[PDB]
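Next up is one chain by itself, shown in C-alpha cells, the form deposited in one PDB entry.
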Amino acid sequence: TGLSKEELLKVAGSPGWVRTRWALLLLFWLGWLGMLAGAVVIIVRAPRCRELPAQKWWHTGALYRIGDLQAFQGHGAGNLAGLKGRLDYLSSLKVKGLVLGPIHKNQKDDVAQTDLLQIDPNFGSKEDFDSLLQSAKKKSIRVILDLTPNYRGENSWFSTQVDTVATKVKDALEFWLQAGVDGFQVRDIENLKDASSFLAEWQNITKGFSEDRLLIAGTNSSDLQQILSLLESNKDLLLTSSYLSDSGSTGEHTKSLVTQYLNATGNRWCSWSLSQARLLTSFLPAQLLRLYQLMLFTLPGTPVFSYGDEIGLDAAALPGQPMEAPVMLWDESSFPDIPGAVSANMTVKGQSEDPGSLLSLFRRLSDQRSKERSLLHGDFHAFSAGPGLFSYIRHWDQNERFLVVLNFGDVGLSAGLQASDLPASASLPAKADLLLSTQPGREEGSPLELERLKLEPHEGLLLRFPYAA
C-alpha cells in the first residue's frame, strides 16, 4: 500500500504546499463565477419565444356541412334524433363544426307562414334538438345552424319584400343563441339588397353575445372584386364562395389564384372551399380528387367540406339521384332502389379498412391539421418551380416545418425547387423526411433529397424538416 501516517504527514506536508493549496481554491472559485456569468450571457442572447395568437374554435380544424338530413342518414331514420348516433363517425373525421341544414318550416314562397323560431315537425322539436346540442358538446363538436329563410323555394330571401324578412332573421339571432347554438350561416346573399349592410348588423348580435360565436356567409360569385366588396367592412366573417371552382389545369393558374387572394386581403383568416353548398365531385374529375384534399388541409385558413367529400361521393355515378342531395353510402344496404349498384370501395365501410382509400387519406390529413402548430397558425410562403406545379411552405417560429409540392400536369415533370427568395428563418435543407403521398410507390419516413425530385402525373406529396441553425 501507499499510506504515510496521520502524524508523519503534518510534519512533511505544508512547507510551501500551504500556498499552492490556496491557489487552487481561488482558481476554482474564479472559474465558477466565470461559468455563472457565461450562462447569463448566453440566456439573454437567445432570441425570444413568439407569442401564440388567440385562436378560436374554428381556427383549429375543418367544418362539415350537412345540407339534407334525410339523405345523410337514409329515410328509415331521418330525424334530428337519428343524427345523435352518427357523432362517433364525425369524431373519427376530427371535424369541429356541424353546419346542419335549415329546419325552420318554410312554406314554399309564403312570408306570412315562415317562422324561423319553430322547428319543422319532420325533423323533431326543441326536446331532441337540445339533446343533440348536449351530446355534441361532450365530443367537442360545435353546432352551426343556418337560417336561409326560403330554402325550399326557387329564390331565397323572399324576393317579394326586403326588410320584413330581414327583421325575421334578426329576431332569430337572439333566440337560437339563447338555446346554445355556436354559430350561424346565411347562403345565397347575392339575392339580397343591402347585402353588405345586413351582414354588419348580424355580426354585431353574434359577437355581442360572445366572442366564440361565428357567422358564415355564402355567395356564388367567382370574381375577386365582388368578394372584396363584402369583406371591406366585415373582417371576422367567413365567406364561402366559388372562387376556386375554375379548372386549374395548369399549376400556376391555381398558384396565382391563391396568392392574389391573400395579397389583396392582407393575409387575414380566410375560408378555403370549392363551393358554398356543393360537393367536390362537381367541378373536378376523380383523378384530381386527392390532390385537392391535400391542398385544402395545408392552406392558411379554415377548410369547409360537404358531406360525402371524404369518400368521394359522386352524385352522377348512381342514376336517379338529385344532384343537390345525394344519399350517403354507409353500407351496401344504403341504396336499395337499384340492387347491386354500389361496390365496396365506394362506401364508408369498405374504405374504413382500406389503407389506400380516400377516407384513409382524409383521416391522415385531418389529424395533422389539428395538432401541428405550423399548420394551425403558421406562416405561408409560396415559391416558384418548373413549368406547371404548385409549391409552398408552412412554418411557425421553432416548430417543425412543412413543404407541399403539387403537380397538376399530366407528364412526369421534375420539381426543380429553388430556395432563392425564401426567408432565411425557414429556408429548405438538402434532405427532407417524407410524410405521405397521394399515390403509392414511395417509402414513408425516408430522407430524400430535394435537388433531384422527379414527380408523377397528378401526384402531391407532403414533406417535413426541422428547425435548423
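We call the rigid core the largest set of C-alpha positions that still match within 1.5 Å between the two forms. Residue positions are given as counts along the sequence shown, with the first one as 1.
Keep in mind that the form deposited in another entry is not shown, yet the notes after this line are about it.
If you fit the rigid core between the shown form and the other one, you'll see the Cα of residue 423 move by less than 2 angstroms.
Residue 14 shows a C-alpha shift of 2 Å or greater between the shown form and the other one [criterion: core-superposed Cα displacement of 2 Å]. In the core-superposed comparison between the shown form and the other one, the C-alpha atom of residue 30 has shifted by at least 2 angstroms.
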